[PDB]
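A short worksheet on the structure shown next.
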Protein chains: 2
Amino acid sequence: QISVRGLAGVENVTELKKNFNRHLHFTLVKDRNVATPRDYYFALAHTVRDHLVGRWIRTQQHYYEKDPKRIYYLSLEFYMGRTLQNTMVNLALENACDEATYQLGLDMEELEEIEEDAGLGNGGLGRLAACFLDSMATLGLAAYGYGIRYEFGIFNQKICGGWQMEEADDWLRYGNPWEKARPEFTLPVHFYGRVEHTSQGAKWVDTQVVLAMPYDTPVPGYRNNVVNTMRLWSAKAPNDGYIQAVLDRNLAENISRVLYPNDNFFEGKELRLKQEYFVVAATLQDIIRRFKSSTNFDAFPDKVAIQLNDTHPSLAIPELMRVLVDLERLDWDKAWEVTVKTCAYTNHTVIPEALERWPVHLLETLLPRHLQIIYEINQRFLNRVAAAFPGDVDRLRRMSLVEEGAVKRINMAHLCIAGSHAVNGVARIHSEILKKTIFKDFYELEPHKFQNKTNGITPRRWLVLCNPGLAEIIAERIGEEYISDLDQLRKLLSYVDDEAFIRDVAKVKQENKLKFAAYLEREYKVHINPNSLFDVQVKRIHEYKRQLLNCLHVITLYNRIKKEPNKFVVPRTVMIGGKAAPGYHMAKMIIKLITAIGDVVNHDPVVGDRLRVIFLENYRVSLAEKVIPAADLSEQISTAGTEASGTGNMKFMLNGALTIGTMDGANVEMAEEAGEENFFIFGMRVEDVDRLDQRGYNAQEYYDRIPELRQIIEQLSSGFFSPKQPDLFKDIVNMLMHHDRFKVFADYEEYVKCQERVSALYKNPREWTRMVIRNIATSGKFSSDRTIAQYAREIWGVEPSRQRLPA
Amino acid sequence: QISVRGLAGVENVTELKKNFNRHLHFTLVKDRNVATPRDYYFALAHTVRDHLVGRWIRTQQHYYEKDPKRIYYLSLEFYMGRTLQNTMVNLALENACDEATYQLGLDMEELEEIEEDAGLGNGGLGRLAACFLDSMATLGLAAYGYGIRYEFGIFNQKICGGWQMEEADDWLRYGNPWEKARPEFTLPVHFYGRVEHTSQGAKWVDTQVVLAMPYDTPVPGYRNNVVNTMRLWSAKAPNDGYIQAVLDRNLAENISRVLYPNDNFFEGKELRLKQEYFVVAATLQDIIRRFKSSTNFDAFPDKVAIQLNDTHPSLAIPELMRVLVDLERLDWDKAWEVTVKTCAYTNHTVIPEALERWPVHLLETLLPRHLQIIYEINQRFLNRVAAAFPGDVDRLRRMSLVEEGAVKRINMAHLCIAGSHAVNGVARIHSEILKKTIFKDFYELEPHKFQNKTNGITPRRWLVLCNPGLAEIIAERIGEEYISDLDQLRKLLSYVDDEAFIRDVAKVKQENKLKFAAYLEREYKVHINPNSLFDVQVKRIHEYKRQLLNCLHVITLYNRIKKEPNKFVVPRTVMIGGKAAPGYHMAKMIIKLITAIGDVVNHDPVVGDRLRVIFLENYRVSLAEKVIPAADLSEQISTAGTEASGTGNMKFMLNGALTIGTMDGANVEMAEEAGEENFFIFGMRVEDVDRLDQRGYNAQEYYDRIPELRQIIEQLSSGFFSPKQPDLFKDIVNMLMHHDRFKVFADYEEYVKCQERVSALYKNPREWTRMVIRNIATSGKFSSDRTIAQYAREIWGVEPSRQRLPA
Ligand SMILES: Nc1ccc(C(=O)NC(=O)N[C@@H]2O[C@H](CO)[C@@H](O)[C@H](O)[C@H]2O)cc1
Ligand SMILES: Nc1ccc(C(=O)NC(=O)N[C@@H]2O[C@H](CO)[C@@H](O)[C@H](O)[C@H]2O)cc1
Ligand SMILES: O=c1[nH]cnc2c1ncn2[C@@H]1O[C@H](COP(=O)(O)O)[C@@H](O)[C@H]1O
Ligand SMILES: O=c1[nH]cnc2c1ncn2[C@@H]1O[C@H](COP(=O)(O)O)[C@@H](O)[C@H]1O
Ligand SMILES: *Cc1c(COP(=O)(O)O)cnc(C)c1O
Ligand SMILES: *Cc1c(COP(=O)(O)O)cnc(C)c1O
């Protein structure tokens, strides 16, 4: 036992054991002689869940009595990962459960590995929602997460012949012990139909109804006895040839069947639009119901805050208007005032292909009334623009919520800005770019709406839970208070010259690496050298994230070794992992290239154990918890101006890895906090990128001037990495040479040079560790508690509280 | 409190209460201030379920240790109804739970009404399976019920404008506390593919796989601590555009989506065939697995008995052969010997349109290997016939498993007889008819195979549970032993002249009628006179059951009243209820006719409260438990030779109703047991029916000779019962006059006369009750415990046991 895991009291352990046996018997209907590890996992899960119940019921009862302003976080993604360990940590039950299971003859880690990840998200945006829920509970806010209970989350990735294969993520197969179905709270959602204009107001009729059934999952705060709720909706068909009619119910229920895995290119698919309205319509009725139980909607914004995670739930704006105007009978102007003061929008990217632009004909058929409301919103908004900038007809077309052209579309981002009192970017540089480029016109019209809220990650899951060894040595010296006040890590700077601490920091990292190296062999049968530098790049596969630039460096290292075999080089294990969206051809070709490189490099006798290339299969939250604590070097190399913020970068910094990256997204603030001397910065800044675009990017120039780069391209073209299929990577070479929107070649030279400096420092164990200490010590700003406290104070208008609850 | 409901001990009640509160808190995650009646129902349900667990685990553990011969009852239908009260009764917890809930300020009856019926059956055949499970557990047999877990059971019937409307039976919406999912025991089921003939045996390849996930439901015996299992399979797709692929999983899972409600006409639908193989394939693998854990399959028949409930699971025969021959490598002759000794078949009807005759092209595409096995079975069987009856070529074509003609079909009944060591009818007269007509050729070839097993009903649900008042007065005089030894009711004959008993029997019936009369107003807002004779006919709507004959009598009574308004007539409340299969036009027209008659009769001032016609909506198991105890007259009027047995008839006899009926099915044995003087028998016997068919049935003859009958037909034709739609019932009149396969007119005169005798007896309260006592006293033979004991001894080769288990 380690301290930060709580106390293992005698009667506490005694109680856990009897309840464990009680659940195995009564709940699982099992007996010790036939129970399997999975059965034991569920017994433990139900045992821990029991401890949540009392707190969950009184927290909600408390909000009913106090009636504080309620925060509603709307998102179509909640990348939760596993729940068991996180629950024990927040309830201070980890050591007790560890002891209790030990006495029962069971290994708790083994049991924890049985839980399926709740992968209801694609990557950053979904995981941000998850960290936010944790921080909002830890800060005592009356917050509710609202989304969709997908029967199938992000697909499980299988690598066959070096290619990605997608497999259904049937995460509910064995059941979900954490959720509680609330069929009694089912609500109706309407689709299609037509709008009738009677004497007194518009009426939406002849609609098809789909029921929204909620499932509640508890969200425990960190040791403050606060347990908030994450409510996820499931689609159900109303009960009203016979056989075919029953079988056709599936049509309606398909709405909550699966998570769309396309995080790169917006697809105007009808099913996706249905999902977006489904979550919005059910959620708003729930919100209003709770409000009416606290008819003067003037106080609505004082009791309700709705945060839109990107434009995915943007229909909340016209839906709130529909309800207030059509159902509650408020006049337009009043309803609009309430709507704007209630809603706030968060943008996550400036890349055009990711922005939602719904075809008018789709909204016309599916949501006829909302389209009319959107047109009216646009009309009134443009009248305001026309009055502020008389005669500027071009601005009018640019700011319109309706885009003209081949097919008319609705720009959901413009809709969100017009209908929100606050719009924020997720990193200082990103928020600035929003004001200077993409949303410049809106900023000039309403400057007060634009804010910045730099992202963060929760130190519970991303430190205490996944790196107990590091959390312990830190606590030994500054206490446990930093876990909910991460800024305290700064006190660690006074230990940068402490020989003992330096030794412990390095020991923990070594232990994490051996632990991960072992895992690689157990569950994947691959052998790596634990003494090599762990060079890691894990995140979804995208051209802008430039996994390709990493590949070029790897090949360069390989070619240099083959050039001078007996020359010493710092050993490296290069790990790249991440999923590619199913229809993203280039991303899939990049995964293939990575494995192809490994096939050559990992079997070259001359290389030995000096260089290894491994593709981490099925990267997901639970895998991130294993690899991040074991990393030495974090690759954050997106083209300057493309990664809005990034969050994986923060996870690595908090866990003892140094960072090599561009001045993009949050990397800028990270370097600023730790000091540029303690970061491995390289490449073009946003300004350099622009200037290059003015001139015109010509990749051929770099190819002609850099011999090493030329050699790599020729190897790719000639089939050096694909003997049986010589032209296998022709698409990659053609993209790099003629239409690379992300300028991979432009940063190649500086990148390779920077990597040499990384290797130089790694050769000096003591100085590498001292730099690590300086990074960990200054990672405090990146806690989602800080992010949430800012949202609370500057956007929602509520004060966070660290005050514990009762028992 | 009443005796037969067990003791309400102090610490037993104390324990139930604390566990009730524990579940409401920890399981339902609720608090007393927001809990609804449904929440209380679930808390109680989980509380009672807890008491089942210990017994369930040791009963199964016991079978593993003793290793007795195992009985497998295969059925595509299990009409279970509600489980809460039945569980309390069998566990002797009813009074304790009643007291415990009372002390908590709750009414247990109210809570019991919240449970949804598990309606996984159509009628008699499905309910028989349910009663059988109860008796097998009560008799200590190591029995397992195997079927399909339909997401939607028999449709809920709504009557709109007098017409039947079907509504999806979403019985799992709020969850099922009685079942335990066993995903760890999932098995693969194969479909389609092709057969490869290699060197060593045939091979079924290129198949599509569908997973079978089992859900176990406990089946408690009556106070013997035995808890058997009913295992129901659910269809799941294997995990191996992306979105569409995931959505298409529904195709595979549609197999267990809904129960086919067509109990009248066989439809060769592919989905139904898939359901039949699905249950058979998953079940047999489970059976074999359990056997191999008890490779000499010679002892297989000594450890396994498979009972086929009708031909629906007949594929078990060729599937067992497939496994033994193709997988286990036994030679054909040996495998066949094992198969025959293992399987037994039960027939439920002689009506040709109900018999399963699958088109060869369907089996050819879906189950190619089974078709080959069936052909081989047929070939060897016909060689035996040819040898026993040399030169009888006609017999060869008649007995073939393959029917020639427009489209080749497989006669599943012939397959079942050839592959079973026992074939039984469900009532003496039915079994005889099987041997004389439909299966005459098979009987002559193998007389030893044919048996009779007269049906029965369980006295727990059909007496103790639904009629506690009657069960109590009986117990007061002869004890409680009759509940599991129904033959003891005969001792009641010595009380036929007991003035006290006569008074109590009549009092209970009166109380049941007032109780039902009240229910009719509460949940259906209809007022009836509790002092009238309750004339009831409840069962599925079929032409052979002749609800139409009942209608003719009702109209006759109405016309007689209108004829002589001031003439005294015994008051009657005629209740008819039952569902019509969705595609059965005539059955739906009959329901409409019933309501139409009520619309006229119930609003005629001259009739007053002397005659009322009510159609009991949504007849199902839970409704049967309410109306049967309240009935005075039971209508069992099927055309002689058409109702194989009937079971509703037995339920009425056990609950104090007199019976008016034909000498059909079990009615014959019932009259034989009680004495014909104590039964209201009328109409043609089977012999009379045949003779009429020889001559030729001419309905016109009856129409011309019976004035009262002529008047009714003219009223129907002229639109007397359908003013706005004069020809609404032209199809009914046309059927009755020109093509009535069931000779409604032929029994009309005798039926009306018999009904007059019923009314005459009802006018003498004392003599009516004495006759009732003679019926109840002789209903012992109709307990499913007797039926099951006979199956056990004469077919399965096992001895029933009344010995209790431990605790
Ligand atoms: N239709 C979709 C569906 C999903 C996405 C999506 O997942 N997008 C992202 O995750 N974006 C990521 O969200 C993170 C959290 O703010 C940022 O730090 C990161 O820079 C951004 O790229 C984008 C569009
Ligand atoms: N394809 C199907 C589906 C369902 C059925 C069906 O439910 N049949 C019956 O219920 N038949 C009934 O089964 C009872 C139990 O033995 C008998 O007493 C009764 O006489 C018989 O008609 C018949 C064919
Ligand atoms: O009418 C009410 N009376 C008492 N408590 C209530 C009432 N409505 C809500 N509550 C409490 O408030 C919690 C919040 O429920 P919500 O509507 O899901 O937010 C409930 O679980 C109850 O504890
Ligand atoms: O290998 C075994 N060891 C000990 N008990 C067993 C074993 N296999 C089955 N059992 C017991 O037998 C019960 C019957 O399981 P079944 O296979 O579903 O019939 C199980 O719940 C166990 O109690
Ligand atoms: C933190 C996280 C992300 C986001 O990583 P970035 O490098 O910021 O894109 C994506 N996936 C998982 C599973 C994560 O844990
Ligand atoms: C007993 C029962 C039946 C069978 O009734 P019969 O009159 O024999 O056809 C049908 N339905 C239900 C719900 C039953 O309880």
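Just so it is clear, the values below take in all heavy atoms, side chains as well, and ignore hydrogens, waters and symmetry mates. Numbered from 1 within each chain, the chains take letters A, B, ... in sequence-line order.
Between B:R786 and B:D487 there is no salt bridge, since none of the side-chain N atoms of the basic residue sits less than 4.0 Å from a carboxylate O of the acidic one. With respect to B:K515 and B:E109, a salt bridge is recorded, a charged nitrogen being found less than 4.0 Å from a carboxylate O. Here B:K626 pairs with B:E113 in a salt bridge; the nearest charged N to carboxylate O distance falls below 4.0 Å. We find that B:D286 and B:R231 are joined by a salt bridge, their nearest charged nitrogen and carboxylate oxygen being less than 4.0 Å apart. Ionic pairing of B:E179 and B:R149 is present here: one or more N-O contacts between side-chain nitrogen and carboxylate oxygen are shorter than 4.0 angstrom.
When all heavy atoms of B:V350 and B:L434 are compared, the pair lying nearest together is CG1-CD2, 3.9 Å. The nearest pair of heavy atoms linking B:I148 to B:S256 is CG2-CB, 3.8 Å. Nearest heavy atoms, B:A316 versus B:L74: CB-CD2, 4.2 Å. Contact between B:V227 and B:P218 at its shortest, heavy atoms only, is CG1-CB, 3.6 Å. Closest heavy-atom contact between B:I637 and B:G661: CG2-CA, 4.3 Å. Across A:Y242 and B:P582, no two heavy atoms sit closer than the pair CB-CB, 3.9 Å.
Relative ring orientation between B:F42 and B:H46 is described as tilted, the plane-to-plane angle lying within the 30° to 60° band.
Side chains of B:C131 and B:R461 form no contact here, defined as non-hydrogen atoms less than 4.5 Å apart. Put simply, the side chain of B:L465 reaches to within 4.5 Å of the side chain of B:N86, judged on heavy atoms. With a 4.5 Å cut-off on side-chain heavy atoms, B:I591 and B:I159 count as touching. Using a 4.5 Å cut-off on side-chain heavy atoms (C-beta onward), B:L232 and B:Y150 make no contact. Annotation: side chain of B:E353 is not in contact with side chain of B:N264 (no heavy-atom distance under 4.5 Å). In this structure, the side chains of B:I154 and B:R620 stay at 4.5 Å or more apart for every pair of heavy atoms. Considering only heavy atoms from C-beta on, B:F132 stays 4.5 Å or farther from B:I71 through its side chain. Using a 4.5 Å heavy-atom cutoff, the side chains of B:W233 and B:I255 are not in contact.
For the residue pair B:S622 and B:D117, a side-chain donor N or O sits within less than 3.5 Å of a side-chain acceptor on the partner. Donor-acceptor pairing under 3.5 Å is lacking for the side chains of B:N512 and B:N655. For the 3.5 Å distance criterion, the side chains of B:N228 and B:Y63 qualify, holding a donor opposite an acceptor. A side-chain donor from one of B:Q451 and B:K453 sits under 3.5 Å from a side-chain acceptor of the other. A side-chain donor-acceptor contact under 3.5 Å links B:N618 and B:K579. For the residue pair B:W56 / B:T229, a side-chain donor-acceptor distance below 3.5 Å is found, with atom types taken as modelled. There is a side-chain donor-acceptor pair under 3.5 Å between B:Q537 and B:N550. With hydrogens and angles left out, the side-chain atoms of B:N309 and B:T346 include no donor and acceptor closer than 3.5 Å. Side chains of B:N452 and B:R428: no donor on one and acceptor on the other come within 3.5 Å. Looking at B:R70 and B:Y144, their side chains do bring a donor and an acceptor atom within 3.5 Å of each other. With 3.5 Å as the limit, one finds no donor-acceptor pair spanning the side chains of B:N224 and B:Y222.
Between B:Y72 and B:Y146, the ring centre distance stays below 6.0 Å.
The line from CG of B:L654 to CZ of B:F782 is 11.0 Å long, rounded to the nearest 0.5 Å. Note: B:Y619 OH to B:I541 CD1 = 11.0 Å, rounded to the nearest 0.5 Å. Expressed to the nearest 0.5 Å, how far NZ of B:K592 lies from CD of B:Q164 amounts to 13.0 Å. B:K781 contributes atom NZ, which lies 5.0 Å from atom CD of B:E673 (distance to the nearest 0.5 angstrom). Note: B:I457 CD1 to B:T787 OG1 = 9.5 Å, rounded to the nearest 0.5 Å. Atom CD of B:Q85 and atom CE of B:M108 lie 7.0 Å apart (nearest 0.5 Å).
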Check against salt bridge (charged side-chain N to carboxylate O under 4.0 Å, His left out), B:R173 and B:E116:
CA-CA 10 Å; B:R173 171 146 291 172; B:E116 296 282 6; over 6 Å; no

B:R546 vs B:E643, salt bridge (charged side-chain N to carboxylate O under 4.0 Å, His left out): CA-CA, chis, key distance, verdict:
CA-CA 11 Å; B:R546 302 196 298 185; B:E643 192 70 89; over 6 Å; no

Chi angles and distances behind the side-chain contact (heavy atoms from CB on, under 4.5 Å) call for B:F652, B:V536
CA-CA 10 Å; B:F652 282 99; B:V536 183; 4.1 Å; yes

Under the criterion side-chain contact (heavy atoms from CB on, under 4.5 Å), I'd like the reasoning laid out for B:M653 against B:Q636: C-alpha separation, chi angles, the key distance, then a yes or no.
CA-CA 11 Å; B:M653 181 186 201; B:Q636 307 296 332; over 6 Å; no

Test side-chain contact (heavy atoms from CB on, under 4.5 Å) on B:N424 and B:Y791 and set out the steps.
CA-CA 10 Å; B:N424 75 283; B:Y791 271 92; 3.1 Å; yes

Kindly indicate, with the supporting measurements, whether the criterion side-chain contact (heavy atoms from CB on, under 4.5 Å) is fulfilled by A:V29 and B:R182.
CA-CA 10 Å; A:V29 186; B:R182 296 293 183 184; 3.6 Å; yes

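Judged by distance alone, with hydrogens and angles left aside, the side-chain atoms of B:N90 form no donor-acceptor pair with the main-chain N or O of B:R223 at under 3.5 Å. At least one donor-acceptor pair closer than 3.5 Å links the side chain of B:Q275 to the backbone N or O of B:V258. B:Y482 contributes a side-chain N or O that, together with a main-chain N or O of B:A471, makes up a donor-acceptor pair within less than 3.5 Å. Under the 3.5 Å distance criterion, the side-chain polar atoms of B:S634 are left unmatched by any main-chain donor or acceptor of B:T659.
For B:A644, the side chain to side chain contact (heavy atoms under 4.5 Å, CB included) partners two or more places apart in sequence, or in a different chain, are B:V426, B:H430. Taking the salt bridge (charged side-chain N to carboxylate O under 4.0 Å, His left out) definition, one finds that B:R540 meets it with B:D263, sequence neighbours left out.
Remark: B:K269 is not positioned above the aromatic ring of B:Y260, lacking an NZ or CZ atom under 6.0 angstrom from the ring centre and at most 45 degrees off the axis.
When the options B:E115, B:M80, B:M230 are evaluated for a side chain to side chain contact (heavy atoms under 4.5 Å, CB included) with B:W178, the one that passes is B:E115.
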